[PDB]
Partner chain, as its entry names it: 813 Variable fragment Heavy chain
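What follows is a single chain, given as structure tokens, in the form solved without its partner chain.
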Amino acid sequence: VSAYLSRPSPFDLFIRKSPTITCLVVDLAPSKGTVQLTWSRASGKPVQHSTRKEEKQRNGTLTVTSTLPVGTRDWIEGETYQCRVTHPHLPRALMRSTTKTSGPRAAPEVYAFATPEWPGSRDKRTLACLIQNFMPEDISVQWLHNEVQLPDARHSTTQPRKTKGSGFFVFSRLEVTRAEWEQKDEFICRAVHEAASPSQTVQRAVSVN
């Protein structure tokens, strides 16, 4: 039985201005599960109504999540949120907490590239974006074509890794089709980051050819 508690995404926090946090508990012994995820703040101030969600997994196991809307200003100013997990079987005591990361801020550098044709694959290319030298590690990455944001499922972004310096980097991968680049041969990699500017976003355009 493990428990995790994530921070808001930069996209939700800055662009949407409706940040949330998610208490995720991955069980390894499901039974009569009246498992409770209790929310609180370090300050003692009221928490909003949260959303509980449970999904039975294929490997004969129960996964339970609770999502709490947080105040944008409350998060930025440094509030700490706490998820308490109470389980019947376990000795009733498990706590996870989250708050905005501290430390220096640094804006991301964004670089976007297009692969050349590989023999046997004329009607597709792979677009690669390198986002680097940012801190903290929290970052949202999106792709756009015709200034419409592409579904998130279309790309995959790597987890933040430290550079040889103090900042982090991610890579993002996007497969595109001939029909798309023939319609408009320009794709935008956009990184949303708090230290980024202006509007907490930095983006770079790339073309096939």
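Positions refer to the first chain, counted from 1.
- On average the C-alpha atoms of 21-29 have higher B-factors than those of the other stretch, with 21-29 and 192-200 being the two compared.
- As recorded in the PDB entry, 57-65 is the stretch of 57-65 and 142-150 with the greater mean C-alpha temperature factor.
- Across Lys124, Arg96, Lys100, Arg105, the greatest Cα temperature factor reported in the deposited entry is at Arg96.
- Highest C-alpha temperature factor among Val35, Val170, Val176, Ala42, as the PDB entry reports it: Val35.
- Sort the chain's modelled residues by C-alpha temperature factor and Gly120 lands in the middle third, per the entry.
- Remark: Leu5 belongs to the highest third of its chain, ranked by C-alpha B-factor as recorded.
- Per-chain ranking of the deposited C-alpha B factor places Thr157 in the lowest third.
- Sort the chain's modelled residues by C-alpha temperature factor and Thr86 lands in the highest third, per the entry.
Below, we turn to the form deposited with its partner chain bound, even though it does not appear here.
- The closest heavy atom approach of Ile139 to its partner chain in the deposited complex falls outside 4.5 Å.
- Within 4.5 Å of any heavy atom of its partner chain in the deposited complex lies no heavy atom of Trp181.
- Not displayed here, its partner chain is approached by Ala42 to within 4.5 Å at the level of heavy atoms in the deposited complex.
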